[PDB]
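J.: Below: one structure in structure tokens.
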Amino acid sequence: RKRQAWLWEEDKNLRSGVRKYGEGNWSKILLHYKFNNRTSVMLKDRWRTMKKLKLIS
DNA sequence: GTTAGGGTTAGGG
DNA sequence: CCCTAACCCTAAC
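Residue numbers (the entry's author numbering): 378 to 434.
Okay, here's the thing in structure tokens:
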């Protein structure tokens with residue numbers, strides 16, 4: 378079962394989540410907007426890798 | 001349960 | 001063996 382690579386549905390939705398409900402508020406983001414099967418851990422570590430190299434918030 | 005960084009597994013090069 | 005990245009662990013909140 379090949380590991381799922383995040384798509385813009387998830388990532389673009391996440392970016393919206395960060396802007397509309399704050400970055401470090403993955404709970405709120407998960408409540409407001411749905412994803413395939415993500416957690417606070419997933420969302421945060423995704424955004425972590427992203428900002429670490431690209432620097433967005 | 002969530003949050004936050006450390007760190008391994010998966011993926012591709 | 002390196003980079004980016006999804007998963008997984010340790011630690012703290």
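For each residue, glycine too, the CB sits at the ideal point set by N, CA and C.
Might you give, ordered along the chain, the residues of its own chain that have their beta carbon closer than 6 Å to the beta carbon of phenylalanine 412, omitting 5 neighbours on each side?
T.: Position 35 of the first sequence, counted from the first residue, corresponds to residue 412. So the qualifying residues of the chain are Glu387.
J.: Work out the CA separation of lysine 429 and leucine 391 for me, nearest whole Å.
T.: What you label residue 391 is simply residue 14 of the first sequence in a count that begins at 1. What you label residue 429 is simply residue 52 of the first sequence in a count that begins at 1. Taking the straight line joining both Cα atoms gives about 16 Å.
J.: Helix, strand or coil, according to DSSP, for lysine 429 in the structure here?
T.: Here residue 429 refers to the residue found at position 52 of the first sequence. Three-state result, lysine 429: helix.
J.: Output the boundary residues of the alpha helix (DSSP H) element that contains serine 404.
T.: Here residue 404 is taken as the residue at index 27 of the first sequence, counted from 1. It spans 403-409 - the alpha helix (DSSP H) in which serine 404 sits, taken as one unbroken run.
J.: Does the Cβ-Cβ distance between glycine 399 and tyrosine 410 come in under 7 Å?
T.: Against the first sequence, residue 399 aligns to sequence position 22. Against the first sequence, residue 410 aligns to sequence position 33. No.
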